[PDB]
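Have a look at the structure below, then the notes.
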Amino acid sequence: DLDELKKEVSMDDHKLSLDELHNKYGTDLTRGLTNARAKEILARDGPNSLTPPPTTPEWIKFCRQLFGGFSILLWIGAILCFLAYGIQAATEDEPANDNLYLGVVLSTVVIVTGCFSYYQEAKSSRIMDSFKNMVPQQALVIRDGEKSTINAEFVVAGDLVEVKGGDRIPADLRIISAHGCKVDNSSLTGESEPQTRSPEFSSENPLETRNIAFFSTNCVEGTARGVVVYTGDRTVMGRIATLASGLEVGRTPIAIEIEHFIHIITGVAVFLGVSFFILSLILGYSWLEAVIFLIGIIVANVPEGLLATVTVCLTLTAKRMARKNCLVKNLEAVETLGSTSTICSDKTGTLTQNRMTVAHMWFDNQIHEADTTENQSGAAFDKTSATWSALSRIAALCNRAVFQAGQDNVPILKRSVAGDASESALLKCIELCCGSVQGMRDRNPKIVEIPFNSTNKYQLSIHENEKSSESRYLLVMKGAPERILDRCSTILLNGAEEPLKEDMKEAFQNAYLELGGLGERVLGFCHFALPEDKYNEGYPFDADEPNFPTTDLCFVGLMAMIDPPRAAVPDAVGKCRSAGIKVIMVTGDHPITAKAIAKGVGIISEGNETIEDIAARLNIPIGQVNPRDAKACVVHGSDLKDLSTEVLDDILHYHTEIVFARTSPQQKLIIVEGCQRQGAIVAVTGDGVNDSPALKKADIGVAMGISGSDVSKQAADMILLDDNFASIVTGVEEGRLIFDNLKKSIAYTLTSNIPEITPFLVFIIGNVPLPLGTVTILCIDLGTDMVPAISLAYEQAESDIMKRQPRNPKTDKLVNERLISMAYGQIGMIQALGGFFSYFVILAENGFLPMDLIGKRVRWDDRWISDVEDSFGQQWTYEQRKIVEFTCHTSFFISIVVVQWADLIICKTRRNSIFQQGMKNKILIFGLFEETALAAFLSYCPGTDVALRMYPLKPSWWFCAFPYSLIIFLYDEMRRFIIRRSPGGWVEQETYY
Amino acid sequence: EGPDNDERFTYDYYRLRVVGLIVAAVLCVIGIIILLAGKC
Amino acid sequence: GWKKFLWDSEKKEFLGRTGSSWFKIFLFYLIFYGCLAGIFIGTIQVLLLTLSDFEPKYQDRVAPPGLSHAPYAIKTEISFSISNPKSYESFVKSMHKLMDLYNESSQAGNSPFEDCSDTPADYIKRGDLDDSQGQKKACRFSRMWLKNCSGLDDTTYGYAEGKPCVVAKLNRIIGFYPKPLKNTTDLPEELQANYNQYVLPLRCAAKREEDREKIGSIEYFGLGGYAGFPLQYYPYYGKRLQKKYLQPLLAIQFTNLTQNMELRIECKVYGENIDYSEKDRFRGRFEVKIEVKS
Ligand SMILES: *[C@@H]1O[C@H](CO[C@@H]2O[C@@H](C)[C@@H](O)[C@@H](O)[C@@H]2O)[C@@H](O[C@@H]2O[C@H](CO)[C@@H](O[C@@H]3O[C@H](CO[C@H]4O[C@H](CO)[C@@H](O)[C@H](O)[C@@H]4O)[C@@H](O)[C@H](O[C@H]4O[C@H](CO)[C@@H](O)[C@H](O)[C@@H]4O)[C@@H]3O)[C@H](O)[C@H]2NC(C)=O)[C@H](O)[C@H]1NC(C)=O
Ligand SMILES: *[C@@H]1O[C@H](CO[C@@H]2O[C@@H](C)[C@@H](O)[C@@H](O)[C@@H]2O)[C@@H](O[C@@H]2O[C@H](CO)[C@@H](O[C@@H]3O[C@H](CO)[C@@H](O)[C@H](O[C@H]4O[C@H](CO)[C@@H](O)[C@H](O)[C@@H]4O)[C@@H]3O)[C@H](O)[C@H]2NC(C)=O)[C@H](O)[C@H]1NC(C)=O
Ligand SMILES: CCCCCCCC/C=C\CCCCCCCC(=O)OC[C@H](COP(=O)(O)OCC[N+](C)(C)C)OC(=O)CCCCCCC/C=C\CCCCCCCC
Ligand SMILES: CCCCCCCC/C=C\CCCCCCCC(=O)OC[C@H](COP(=O)(O)OCC[N+](C)(C)C)OC(=O)CCCCCCC/C=C\CCCCCCCC
Ligand SMILES: CCCCCCCC/C=C\CCCCCCCC(=O)OC[C@H](COP(=O)(O)OCC[N+](C)(C)C)OC(=O)CCCCCCC/C=C\CCCCCCCC
Ligand SMILES: CCCCCCCC/C=C\CCCCCCCC(=O)OC[C@H](COP(=O)(O)OCC[N+](C)(C)C)OC(=O)CCCCCCC/C=C\CCCCCCCC
Ligand SMILES: CCCCCCCC/C=C\CCCCCCCC(=O)OC[C@H](COP(=O)(O)OCC[N+](C)(C)C)OC(=O)CCCCCCC/C=C\CCCCCCCC
Ligand SMILES: CCCCCCCC/C=C\CCCCCCCC(=O)OC[C@H](COP(=O)(O)OCC[N+](C)(C)C)OC(=O)CCCCCCC/C=C\CCCCCCCC
Ligand SMILES: CCCCCCCC/C=C\CCCCCCCC(=O)OC[C@H](COP(=O)(O)OCC[N+](C)(C)C)OC(=O)CCCCCCC/C=C\CCCCCCCC
Ligand SMILES: *[C@@H]1O[C@H](CO)[C@@H](O[C@@H]2O[C@H](CO)[C@@H](O)[C@H](O)[C@H]2NC(C)=O)[C@H](O)[C@H]1NC(C)=O
Ligand SMILES: CC(C)CCC[C@@H](C)[C@H]1CC[C@H]2[C@@H]3CC=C4C[C@@H](O)CC[C@]4(C)[C@H]3CC[C@]12C
Ligand SMILES: CC(C)CCC[C@@H](C)[C@H]1CC[C@H]2[C@@H]3CC=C4C[C@@H](O)CC[C@]4(C)[C@H]3CC[C@]12C
Ligand SMILES: CC(C)CCC[C@@H](C)[C@H]1CC[C@H]2[C@@H]3CC=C4C[C@@H](O)CC[C@]4(C)[C@H]3CC[C@]12C
Ligand SMILES: [Mg+2]
Ligand code: NA
Ligand code: NA
């Protein structure tokens, strides 16, 4: 699978002849191949079917979820715990069962998190599998001189294949004879209109010539013949799909943030372990003990509850998106939208609707605009003049297309119409504002019609007049405005008729250039009432001689048409630009149309100008003007092929409104890479297969759901099941909201680490009784704390998020030193002090004053000393003092919860005050209530001092942590105050997360 | 008091546990109420 | 990176900041931690002002007194060879440490020791738990009272010829009055004989029914010759109000001990305000695993 030979632009043998082609592959132009030869080739190289994607067993992805970056840290923590247990077992007897329980708990946490994440990705995979609808298809091949319909998987290279309007091109054919055969190259080449396929060659680029049919393309109208040149995976889209599958995935920004977070947590953990190891060795402990202490401290400094919390946070933001019809296949792809700073979009199928629609109409020397929006939410065009009625009759009559049987349910715009695109748009507009066309057509019987000639460039027909008072005949013709203009002498103004003096002729020329400059295709409709005296009701006008006056007709008006954009496209583009997101158009369509769509959707803001526009406004050559005075630039694909890396960098570095036109899929990928080379996140939004290599390499791909291709849908990361472009704005907003919420939740889960480690440090340095047991740290990290951290995700915005500039990736991180200085440095310290206070109080009320506690651990732990004198002289047995120590553990855990109340309230908002934002988050309130109820239940429930070793507390102890909590609230309140009054001051660059 | 000062060494932990449980239950209820207050 | 973030020569920065920045951060943290320490100290001083110096506010975790002994056993086992002298040294050392506090030289003069009834007597109340009267007075407890286990005649205390002793002691509790069982028809078998109301009885036995035969003659030594604690040494007024206070002791000689075999001996005290616990094996009673292997 040579990638470089797949990265190159497609080559071909189009520039040849029919004899050279038949001589190279071997094939009779009038008899095709033989059955024996056909089977010989079928078995010689393989069926004309694309290879299936690389499957994936479920245990493989389950193992993938069990690993990663965070889960690996927890895995090493569990391993360390078991190592310390093995040591304690080999050196002493009666090893406390602490390390083993902690290790099994960490392993269980990792397994549960993996199961949850895997279940979510499986849910998305199932709903994704319910969209692949593959119905077998059979092609028409001519062998030995006979026509036969065989499965698409049996077509080989060399046989003759015939196509008919409505069928799909099987393989890559070389047209040999066509009969007005049009093809739809929107998915592969992105051409919005049907390009006619002719046996002759026209352009050096195989995608531009008309003598080559492409795989997966459909023949709109006409019939054609052709020799299969390319078959199977070797086809154009086959190489594109193979290239898409042979691309890497990448590493999202959220993953990099999690990685840098683990890096910091490990730095501080190994630093505290090696430092207290050297200190303990300086105080006399033995080697065996120092190793255990080191492992224990490195294990304590790790957050086991932060994993489930982060997973639930991301899942919460994902369900909302699923409520609005925005589905994500992965779980971290929900944040990439918020960090995006450059959106590369596609035109056909993404920015537009890929459907021809009547845009502007000319009548009564006045340009009229029609509604070209999917749901028909706009302004009417004043349907009160007679001119419009005559126009409706001309268009509704001189038209051969008719809605496909059985569409009585779909809307007027989304129904299937058999015919050309122009006639379809005209029929839809008439059926939209003029009622049922079937009755309008049966109300006037068509007598004689002259088809559309390539020379006549006009379609005319005569029908009877439904006027019950006029039995005359009506003649209606339509065609190019110039040809029709040269055949008229009157004009239907406001109903009456008038001459065709040069005044209206010039107004018609200006109208023609006005509608033409808009990138639209304009047509002209005219009619004439045949005098029943010279052509009676019985005379038959056979289409042979000049039976109708070609000239002296009555021109009624022009009718333009073009593919419009989706409803919420301009608003969404404006919203993205407001948030500082650079919108760059990337499409393989004509530049004359790409520029118009860009200006119409907001990519090229009205007022900006290109070098060609300046040269045209000044009437000077283009080589004289300076390219720095042009903000917007239109880069052609042909020119992009001959451009160096630095040139592309400068193109993106100096032009703010860039539009890449006529760019091949490989060039699209090159553009995405050129955008990443600088350092900005990229989001590519597409629908066809030409977007597959762009959606894969981009930081985040957005594929359309209804109008999207299966390849681009399978290679993308986010799917828009409703084809609504506003979902991009909603996503960029949610990505930011969940980022600030992740920061708050991280600070919350990290503040409690200090009041959970300091006790052990003072236990080893000061030799006092153990203040915080291991089962209490477990009841805190994996219990109470879970609900509040989860609630911190439901926090609303503080300021307008859709107003600030995108976060800088190289400077603004997720976990900086400003956070560590708060959690580990200021709040955690106060919480630890409160815990130690409750501790000393409990031990002082029972008889052990603080002066006699320093230096007792040696005898306080000894299991054979049943007489420990206290500060008053009483003798305490081993179990009695142990019961008191356990009660101190229970009170310490409750003190932790008490200080966590104020920590959750000060963590709710990062800058604003509590009296401003408000306590409207019901989840947070429920979290506080549950956090307290759980502690009371764990302490007062009978049988807990036996199972978990937690004794009941006396009503006077519960109030030892209250002052510390209020103090924390006051400190953070005044902190979040100087930041507001003094923007940019010390408090901001020192404590503003 | 004097010789029969047995009360000086007794504490009614039972009643304490009962009250603490009643309060815990009440707090849990209130929490649930606030959580569901709005979805009905 | 590595080198730059450590020391650059253009902005004259070290680790990231200039000279005055590290100073600003250090000063801020110093003031913050200083205030933290001062507040914690104040909140601890109010606590010291809340407690009394003559009595512990809560005395419920030490209601049922324990029963400790003089030898220091690692697993409540006494195993020593009658031949190797370096086998029972850890025992004699402990025993000696305990008895070394009852030396007559320490108990001398009127203050603060007072001669009490040579025969068990009733309680003695030296007033309330106040500082009005000076340091209270405690009864004297002579070493010689313990006859064959006193370290005055046979320093080893018995371990020399297969006849070890075990000095039992009741855990000191402030304001605790020991109360013995009454002469009513309901009383253990053992306690019937020698019902001196003023003596708290202590009696050892065998944990299992089999071991009975393998255990010989339990000879108890104590105040007045009884196997208990005289009620006159109570109550205890606490260290502050009764320094130089001695608690009664009871010696137990396990004569006629089977050789080369682990014997489980459980000693137990009886009384109203005495209750045992299935979790704490030292509350009121105690277990010893003697094995005189020779
Ligand atoms: C409480 O009383 C303890 C015993 O008091 C003795 O008996 C009472 C009834 C009175 O008569 C009193 O006057 C007696 O002293 C008392 O402990 C005793 O302290 C002395 C002084 O150190 C010790 O004497 C020394 O003995 C060692 C050898 O001891 C051997 O036996 C003991 C067991 O008894 C073992 O533990 C040892 O390991 C030995 O196996 C002698 O080597 C040592 O020599 C020193 O003196 C000689 C002159 O005699 C000098 O030439 C040397 O250079 C040395 O300076 C002493 O003779 C005595 O052993 C010890 N008794 C016990 C049982 O340990 C205790 O101190 C008192 N405590 C208080 C707080 O009042
Ligand atoms: C604690 O309690 C014991 C037992 O008390 C007895 O049982 C209690 C449950 C309750 O019912 C008491 O009312 C009851 O007395 C006390 O010890 C007992 O003392 C008596 C009197 O000395 C003994 O009875 C003697 O029994 C002898 C044979 O066993 C008999 O020969 C004795 O004769 C004496 O009395 C007769 C008149 O009956 C007289 O004629 C004789 O000349 C001679 O004096 C006498 O009947 C019991 O055996 C004792 N019980 C035991 C277990 O030894 C004990 O004194 C008491 N302690 C205190 C401090 O009060
Ligand atoms: C029994 C007793 C109990 C004891 C309990 C102890 C509990 C431990 C509590 C806290 C642990 C502290 C450990 C150190 C934490 C430092 C945090 C840290 O390392 O965070 C990492 C930051 C990175 O941040 P960033 O990603 O934003 O960088 C972006 C840079 N870009 C963008 C320019 C490229 O790196 C930096 O900050 C740079 C590194 C700065 C390192 C400073 C080291 C100071 C440590 C000790 C000083 C002691 C001196 C005492 C004497 C004072 C004089 C009297
Ligand atoms: C000595 C002891 C020390 C203890 C220290 C720890 C303390 C931590 C615990 C509680 C702290 C409570 C802090 C009180 C803050 C009140 C702030 C407030 O009231 O700001 C008013 C807000 C602002 O409104 P606005 O103008 O934006 O509205 C606009 C409406 N529009 C849009 C229609 C116009 O109004 C709103 O938020 C809407 C109404 C919200 C009402 C909230 C009431 C619940 C408050 C606390 C719950 C109790 C938790 C107890 C935990 C213990 C469990 C056992
Ligand atoms: C929206 C949804 C709402 C759902 C809310 C659900 C809330 C559930 C509320 C209550 C159910 C809790 C479980 C009940 C346990 C009953 C245990 C019990 O009745 O024990 C009685 C006996 C004690 O007898 P004794 O006094 O003679 O013993 C003397 C022992 N001496 C003398 C040797 C010291 O027990 C014994 O003997 C053996 C003791 C066995 C230990 C069992 C304790 C379980 C340990 C950990 C599980 C707790 C996890 C936390 C779950 C939180 C959920 C929110
Ligand atoms: C959504 C909100 C959730 C809230 C729930 C709180 C989360 C809790 C998080 C971590 C706590 C789990 C730690 C497990 C502790 C096991 C302790 C253990 O095994 O100790 C072993 C003891 C032995 O003691 P010893 O040597 O003194 O015996 C001497 C006996 N002599 C002397 C008489 C012979 O044996 C015994 O206690 C025998 C009785 C066995 C008791 C097993 C109790 C298991 C408790 C929890 C496990 C299930 C939790 C699942 C919920 C997860 C929530 C996410
Ligand atoms: C039991 C638990 C008890 C806990 C109690 C904690 C109480 C301690 C609270 C605060 C003490 C710390 C005060 C430190 C003052 C020296 C700091 C200093 O040297 O700062 C210098 C700067 C002035 O330099 P610059 O910005 O002009 O230079 C620009 C330079 N460039 C560019 C780098 C920004 O100072 C400034 O900015 C002004 C900023 C001053 C910092 C205000 C922080 C106030 C926070 C809390 C006070 C509220 C206590 C409420 C307690 C109620 C108890 C019931
Ligand atoms: C906005 C947020 C709203 C949050 C509301 C949360 C709901 C609170 C839910 C319940 C709290 C009430 C608890 C009442 C329990 C009394 C039960 C009782 O009988 O308990 C007696 C103990 C005395 O125990 P002992 O050891 O002496 O005897 C032990 C004797 N043995 C052991 C031998 C029996 O006493 C005790 O537990 C004392 C109980 C604690 C006293 C409550 C103090 C309230 C503190 C601040 C609130 C002030 C509000 C001011 C209003 C402002 C309006 C603008
Ligand atoms: C949508 C609306 C939802 C509403 C739901 C409402 C739920 C119901 C609410 C409250 C129910 C209250 C139940 C009160 C139970 C009292 C039990 C009690 O007082 O037992 C105490 C005694 C044990 O005393 P001790 O002598 O061993 O003490 C130790 C003495 N030393 C250690 C010094 C020797 O019990 C014993 O002996 C026998 C104990 C037998 C086992 C009883 C099981 C109780 C366990 C859990 C029930 C509590 C759940 C409350 C809900 C909390 C939600 C988070
Ligand atoms: C101490 O125990 C010994 C046994 O170890 C007792 O002496 C034995 O008595 C039996 C008769 O019942 C004789 O057959 C043995 O030969 C004796 N053995 C020895 C070593 O003497 C002795 O009676 C016990 N003494 C006490 C006071 O309990
Ligand atoms: C228990 C006691 C004695 C330990 C006291 C440790 C104190 C002095 C430690 C704990 C955390 C530390 C701080 C944590 C974070 C930062 C941010 C970093 O970019 C520079 C160092 C700085 C400013 C540290 C200074 C020293 C500090 C406050
Ligand atoms: C919003 C804020 C200020 C409310 C703070 C409420 C605090 C003070 C409440 C919440 C739960 C309460 C405790 C819950 C349980 C017990 C056990 C019970 O047997 C006596 C009351 C006692 C000891 C309560 C004392 C007061 C307490 C701690
Ligand atoms: C608001 C904050 C910053 C004020 C903190 C004040 C601190 C420094 C004050 C408050 C209470 C004071 C203590 C209270 C009690 C004692 C005992 C006395 O025999 C000597 C002074 C000493 C040791 C004091 C030292 C200073 C102290 C701890
Ligand atoms: Mg497209
Ligand atoms: Na990707
Ligand atoms: Na932790």
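Chain labels run A, B, ... following the order of the structure tokens; each chain numbers its residues from 1, and ligands are numbered from 1 in the order shown.
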
>> For ligand 10, return the neighbouring residues as a PyMOL selection string (distance at most 7 Å; only C-alpha atoms and all ligand atoms).
In response: chain C and resi 216-217+256+258

Using C-alpha atoms, can you export the residues from the last selection as a PDB file, in the first residue's frame?
```
ATOM      1  CA  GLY C 216      -0.817 -27.830  89.106  1.00  0.00           C
ATOM      2  CA  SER C 217      -1.185 -25.610  92.173  1.00  0.00           C
ATOM      3  CA  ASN C 256       3.606 -28.008  89.681  1.00  0.00           C
ATOM      4  CA  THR C 258       3.759 -29.920  83.434  1.00  0.00           C
TER       5      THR C 258
END
```

>> Should the cut-off be 10 Å, what would the residue list for chain C against chain B look like, counting only C-alpha atoms, as number ranges by chain?
In response: C: 57-64, 123, 125, 128, 175-179, 235, 273

Quick one: everything within 7 Å of stretch 768-776 of chain A, counting only C-alpha atoms, minus sequence neighbours fewer than 2 positions away in the same chain. Send it as a tab-separated table (two decimals) with N, CA and C atoms, in the first residue's frame.
```
chain	number	residue	atom	x	y	z
A	98	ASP	N	-4.01	-3.03	54.28
A	98	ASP	CA	-4.38	-1.73	53.75
A	98	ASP	C	-4.02	-1.60	52.28
A	756	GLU	N	-5.40	14.64	53.19
A	756	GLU	CA	-5.38	13.20	53.09
A	756	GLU	C	-3.97	12.65	53.09
A	759	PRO	N	-1.55	13.99	57.29
A	759	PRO	CA	-1.53	13.14	58.50
A	759	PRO	C	-0.43	12.09	58.49
A	760	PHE	N	-0.23	11.41	57.36
A	760	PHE	CA	0.82	10.39	57.30
A	760	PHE	C	2.20	11.01	57.42
A	763	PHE	N	2.78	11.73	60.83
A	763	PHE	CA	2.86	10.46	61.54
A	763	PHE	C	4.29	9.93	61.51
A	766	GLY	N	6.66	13.37	63.15
A	766	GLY	CA	6.41	13.63	64.56
A	766	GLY	C	6.11	12.45	65.46
A	778	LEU	N	-10.70	6.12	51.47
A	778	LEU	CA	-11.45	5.46	50.41
A	778	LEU	C	-12.89	5.94	50.41
A	779	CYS	N	-13.48	6.12	51.59
A	779	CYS	CA	-14.86	6.60	51.64
A	779	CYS	C	-14.97	8.04	51.16
A	780	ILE	N	-13.86	8.77	51.11
A	780	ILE	CA	-13.88	10.16	50.66
A	780	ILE	C	-13.60	10.28	49.16
A	839	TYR	N	-9.14	16.39	65.36
A	839	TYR	CA	-8.38	15.27	65.89
A	839	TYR	C	-7.94	15.57	67.32
A	853	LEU	N	1.03	13.55	73.42
A	853	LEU	CA	0.86	12.75	72.22
A	853	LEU	C	2.13	12.62	71.39
A	854	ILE	N	3.04	13.59	71.47
A	854	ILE	CA	4.28	13.54	70.70
A	854	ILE	C	5.21	12.49	71.30
A	855	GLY	N	5.48	11.42	70.55
A	855	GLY	CA	6.35	10.37	71.00
A	855	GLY	C	5.67	9.13	71.54
A	856	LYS	N	4.37	8.96	71.30
A	856	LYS	CA	3.65	7.80	71.80
A	856	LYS	C	3.44	6.68	70.79
A	857	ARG	N	3.51	6.94	69.49
A	857	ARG	CA	3.30	5.91	68.47
A	857	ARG	C	3.98	4.57	68.74
A	888	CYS	N	-11.40	8.98	65.96
A	888	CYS	CA	-10.74	10.17	65.44
A	888	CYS	C	-10.73	10.12	63.93
A	889	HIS	N	-10.71	8.91	63.37
A	889	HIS	CA	-10.72	8.80	61.91
A	889	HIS	C	-12.08	9.22	61.39
A	892	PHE	N	-12.40	12.88	61.51
A	892	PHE	CA	-11.57	13.54	60.50
A	892	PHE	C	-12.28	13.51	59.16
A	893	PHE	N	-12.90	12.38	58.83
A	893	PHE	CA	-13.61	12.26	57.56
A	893	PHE	C	-14.79	13.23	57.53
```

> Skipping near chain neighbours, those fewer than 3 positions away, what residues fall within 12 Å of residue B:36 using only C-alpha atoms, listed as a PyMOL selection string?
Replying inline: (chain A and resi 922-923+925-926) or (chain B and resi 29-33+39-40)

>> Give me, as a PyMOL selection string, the residues of stretch 594-724 of chain A that a backbone DSSP run labels helix (DSSP H, G or I).
In response: chain A and resi 594-601+611-618+627-629+637-640+645-654+665-676+689-697+710-715

Write the residues of the selection above to a file with C-alpha atoms, as a JSON list (two decimals), in the first residue's frame.
```json
[["chain", "number", "residue", "atom", "x", "y", "z"],
["A", 594, "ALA", "CA", -17.38, 29.49, -5.38],
["A", 595, "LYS", "CA", -16.71, 33.22, -5.01],
["A", 596, "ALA", "CA", -20.42, 34.04, -5.26],
["A", 597, "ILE", "CA", -21.36, 31.44, -2.65],
["A", 598, "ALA", "CA", -18.53, 32.68, -0.42],
["A", 599, "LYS", "CA", -19.81, 36.25, -0.57],
["A", 600, "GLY", "CA", -23.36, 35.02, 0.01],
["A", 601, "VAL", "CA", -22.55, 32.96, 3.12],
["A", 611, "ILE", "CA", -6.40, 41.52, -6.87],
["A", 612, "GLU", "CA", -8.49, 40.91, -9.99],
["A", 613, "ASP", "CA", -11.29, 43.09, -8.63],
["A", 614, "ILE", "CA", -8.86, 45.95, -8.07],
["A", 615, "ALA", "CA", -7.35, 45.53, -11.53],
["A", 616, "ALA", "CA", -10.85, 45.65, -13.00],
["A", 617, "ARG", "CA", -11.92, 48.68, -10.97],
["A", 618, "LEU", "CA", -8.78, 50.57, -12.04],
["A", 627, "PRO", "CA", -1.03, 41.70, -3.14],
["A", 628, "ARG", "CA", -0.97, 43.21, 0.37],
["A", 629, "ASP", "CA", -3.95, 45.49, -0.31],
["A", 637, "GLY", "CA", -6.41, 24.45, -8.05],
["A", 638, "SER", "CA", -4.37, 24.52, -11.26],
["A", 639, "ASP", "CA", -2.17, 27.18, -9.66],
["A", 640, "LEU", "CA", -2.14, 25.33, -6.33],
["A", 645, "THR", "CA", 5.24, 25.11, 1.09],
["A", 646, "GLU", "CA", 6.33, 28.65, 1.98],
["A", 647, "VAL", "CA", 3.94, 30.09, -0.60],
["A", 648, "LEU", "CA", 1.00, 28.26, 0.99],
["A", 649, "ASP", "CA", 2.13, 29.39, 4.44],
["A", 650, "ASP", "CA", 2.17, 32.99, 3.21],
["A", 651, "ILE", "CA", -1.23, 32.56, 1.55],
["A", 652, "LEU", "CA", -2.74, 31.56, 4.88],
["A", 653, "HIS", "CA", -0.62, 34.11, 6.79],
["A", 654, "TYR", "CA", -1.63, 37.19, 4.76],
["A", 665, "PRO", "CA", -9.16, 15.75, -2.71],
["A", 666, "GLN", "CA", -5.40, 15.39, -2.39],
["A", 667, "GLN", "CA", -5.08, 19.16, -2.56],
["A", 668, "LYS", "CA", -7.74, 19.42, 0.15],
["A", 669, "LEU", "CA", -5.57, 17.24, 2.36],
["A", 670, "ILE", "CA", -2.55, 19.40, 1.52],
["A", 671, "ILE", "CA", -4.50, 22.50, 2.57],
["A", 672, "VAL", "CA", -5.49, 20.93, 5.89],
["A", 673, "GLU", "CA", -1.85, 20.01, 6.52],
["A", 674, "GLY", "CA", -0.75, 23.53, 5.60],
["A", 675, "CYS", "CA", -3.14, 24.85, 8.22],
["A", 676, "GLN", "CA", -1.90, 22.46, 10.91],
["A", 689, "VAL", "CA", -15.99, 11.22, -0.92],
["A", 690, "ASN", "CA", -13.65, 14.01, -2.02],
["A", 691, "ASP", "CA", -13.77, 15.15, 1.62],
["A", 692, "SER", "CA", -12.70, 11.77, 3.04],
["A", 693, "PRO", "CA", -8.92, 12.50, 3.01],
["A", 694, "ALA", "CA", -9.70, 15.93, 4.50],
["A", 695, "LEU", "CA", -12.02, 14.75, 7.27],
["A", 696, "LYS", "CA", -9.55, 12.09, 8.40],
["A", 697, "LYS", "CA", -6.41, 14.25, 8.67],
["A", 710, "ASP", "CA", -20.80, 6.40, 3.22],
["A", 711, "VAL", "CA", -17.00, 6.67, 2.95],
["A", 712, "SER", "CA", -16.86, 10.19, 4.36],
["A", 713, "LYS", "CA", -19.43, 9.18, 6.97],
["A", 714, "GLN", "CA", -17.30, 6.25, 8.15],
["A", 715, "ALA", "CA", -14.07, 8.29, 8.13]]
```

>> Taking only C-alpha atoms and all ligand atoms into account, list the residues no farther than 10 Å from ligand 11, as a ChimeraX atom specification.
In response: /A:268,754,758,761-762,816-826,829,832,990-991 /C:15-17,22,24-26,28-30,32-33
